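Read through the structure below, which is laid out as structure tokens, and then see the notes.
2 protein chains.
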Amino acid sequence: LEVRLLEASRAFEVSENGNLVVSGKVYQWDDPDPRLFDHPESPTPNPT
Amino acid sequence: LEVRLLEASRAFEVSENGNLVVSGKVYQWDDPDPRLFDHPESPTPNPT
């Protein structure tokens, strides 16, 4: 599996045998926010 | 100028000191046909 990164555009591409398999965008997280990982409000407040 | 290619995605970029400059898609023309380059009929005759 071959991985190529385009630093300028923050894009990546995984390829096998010259065939595209995965694509998207990846970049370093500049300022992590612990608030992000706080557990969200439960859809059902009280399963009980 | 630095140019990187992703044959799998047929995408390219041109970066300048780590700054994106140009982007898009480029690939070899599989089946050229001269009929594409025939001059389209002019909307205005312009006879004079």
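These protein sequences, in sequence, are chains A and B. FYI, in PDB author numbering the residues of the first sequence are 933 to 980. FYI, in PDB author numbering the residues of the second sequence are 933 to 980. The beta carbon of each residue, even a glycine, is placed where N, CA and C say it ideally should be.
What in chain B is Cβ-close to residue i, meaning under 7 angstroms?
i	result
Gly950 (chain A)	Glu939, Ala940
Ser955 (chain A)	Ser941
List, in chain order, every chain A residue whose beta-carbon is nearer than 7 angstroms to that of residue i.
i	result
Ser947 (chain B)	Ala940
From this set, the options, which residue's C-alpha is nearest residue i's C-alpha?
i	options	result
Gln960 (chain B)	B:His971, B:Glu934, B:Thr980, B:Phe944	B:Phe944
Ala940 (chain B)	A:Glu973, A:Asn949, A:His971, A:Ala940	A:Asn949
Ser947 (chain A)	A:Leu968, A:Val935, A:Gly956, A:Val958	A:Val935
With 7 angstroms as the threshold, decide whether the Cβ of residue i is near any Cβ in chain A.
i	result
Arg967 (chain B)	no
Locate the beta strand (DSSP E) running through residue i, then write down its first and last residues.
i	result
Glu939 (chain B)	No beta strand (DSSP E) contains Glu939 (chain B), which DSSP labels as neither H nor E.
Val958 (chain B)	Segment: none, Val958 (chain B) is in no beta strand (DSSP E) and carries neither H nor E.
Is residue i a contact residue of the ligand ADP, with contact defined as CB to any heavy atom under 6 angstroms?
i	result
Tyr959 (chain A)	Among the components modelled here there is no ligand, and therefore nothing to report on the ligand ADP.
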